[PDB]
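Basically this note's numbering = 1-based index in the sequence shown + 31.
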Amino acid sequence: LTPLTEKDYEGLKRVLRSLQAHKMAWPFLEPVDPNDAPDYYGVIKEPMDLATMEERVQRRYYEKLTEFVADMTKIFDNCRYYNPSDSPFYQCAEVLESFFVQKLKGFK
Ligand SMILES: CCCNc1cc(-c2ccc3c(ccn3CCCN(C)C)c2)nc(S(C)(=O)=O)n1
Numbered sequence: 032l033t034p035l036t037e038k039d040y041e042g043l044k045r046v047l048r049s050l051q052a053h054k055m056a057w058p059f060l061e062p063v064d065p066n067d068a069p070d071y072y073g074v075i076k077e078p079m080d081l082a083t084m085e086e087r088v089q090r091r092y093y094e095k096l097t098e099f100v101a102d103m104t105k106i107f108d109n110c111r112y113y114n115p116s117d118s119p120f121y122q123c124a125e126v127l128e129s130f131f132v133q134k135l136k137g138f139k
């Protein structure tokens with residue numbers, strides 16, 4: 032979709048910080064440590080996390096909003112694939128994705 036402006040990027044920074052501050056974002060703040068998730072990097076071919084997204088935002092990696100949404104969705108999709116639906120980690124993805132949607136709709 033449409034090219035991101037500098038003003039758009041300030042809004043993306045705001046959304047990212049909101050996610051990083053959320054009480055249920057802690058499993059997603061940094062790349063998964065293999066010691067905390069057996070076989071994680073054998074299961075998940077395209078890992079993603081909020082620190083990697085922050086680095087990409089600061090580097091102006093994103094050209095369009097779809098690319099930012101895609102990386103954010105990877106975080107949630109990876110979590111729900113790796114973990115069972117009754118896992119607390121799965122629930123964190125449920126809560127934080129709903130929050131992301133609220134914030135993304137606000138973003139314009
Ligand atoms: C047994 C299957 C568990 N599945 C998991 C586990 C984790 C996870 C666990 C601990 C964690 C973080 C983040 C910090 N800590 C604590 C510190 C740990 N060390 C010292 C760095 C994530 N994240 C997911 S995830 C990303 O939601 O898919 N799934």
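Think of the CB as a built atom: it goes at the ideal place given N, C-alpha and C, for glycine as much as any other residue.
{"query": "Reduced DSSP secondary structure (H/G/I, E/B, other) of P34", "result": "strand"}
{"query": "Cβ separation of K95 and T33, assumed to be a contact under 8 Å, to the nearest whole Å", "result": "7 Å"}
{"query": "Distance between beta carbons of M55 and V100, contact taken as under 8 Å", "result": "The pair is not a contact, with the Cβ atoms about 19 Å apart (cut-off 8 Å)."}
{"query": "Cβ distance (whole Å) where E61 is taken to contact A82 below 8 Å", "result": "5 Å"}
{"query": "Straight-line gap, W57 to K38 (C-alpha atoms, nearest Å)", "result": "28 Å"}
{"query": "Nearest candidate by alpha-carbon position, reference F59, set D102, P115, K136 and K139", "result": "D102"}
{"query": "Residue ranges of each alpha helix (DSSP H) within the segment 60 to 86, 4 or longer", "result": "71 to 74"}
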